[PDB]
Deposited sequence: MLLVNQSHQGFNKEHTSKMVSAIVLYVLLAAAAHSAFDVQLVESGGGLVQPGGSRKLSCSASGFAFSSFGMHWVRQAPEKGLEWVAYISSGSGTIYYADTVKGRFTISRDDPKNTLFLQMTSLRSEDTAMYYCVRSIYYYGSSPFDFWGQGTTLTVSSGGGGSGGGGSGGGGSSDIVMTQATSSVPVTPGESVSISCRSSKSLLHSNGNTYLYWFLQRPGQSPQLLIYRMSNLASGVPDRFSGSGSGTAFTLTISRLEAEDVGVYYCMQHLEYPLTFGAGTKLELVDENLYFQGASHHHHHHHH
């Protein structure tokens, strides 16, 4: 299999410094742009940093800009995140996400297992007004998500992504660019929408379709997630 496994960190005093390290395996690491996406405990996803393939374009989140820095070494297939001046809002499980951009590709498709970090003691808003849905198998659910700015672009595609974090697991990509199903995703899931309001439709729920369903945009940086929609069984 493709494998991203990240290590480094776990306990650090506030104001300290830690270096994260995601070590890639089983794919051509030099061709992918890599992200870091963190998740605060019992909270949602938020985007940290990004380096392009070739390391010629770097972005950061406005929360961590100046403190964090992201780097790669392609002869060793390793992704780094050097973190300085570690605040108490930085305690999160940090994921390592691969991402490739050509015509018709699937970005944000493989996520790492996630390392955890515990620190001791304008842009697009994506809103999922539903946070939890009671559901039984056999149901057809239509999970909605709304965006402040229109995500449709002049070149013709709507940059909305969908993700599923099964409990105890890593997020997996379901839908990229609002309508295209990812690789290895069953056909039950279906994405639709127009510009500002989008809906994700599952046809028949199974025992594996339960988790938190996030919506992310990719129209411009920062990449803003929504607060996810839990599906309890």
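Enquirer: Counting from 1 along the deposited sequence, give me every gap where there's no C-alpha, start to finish.
Expert: According to the deposited record, C-alpha coordinates are absent for 1-37, 159-173, 286-304, which together make up the missing parts.
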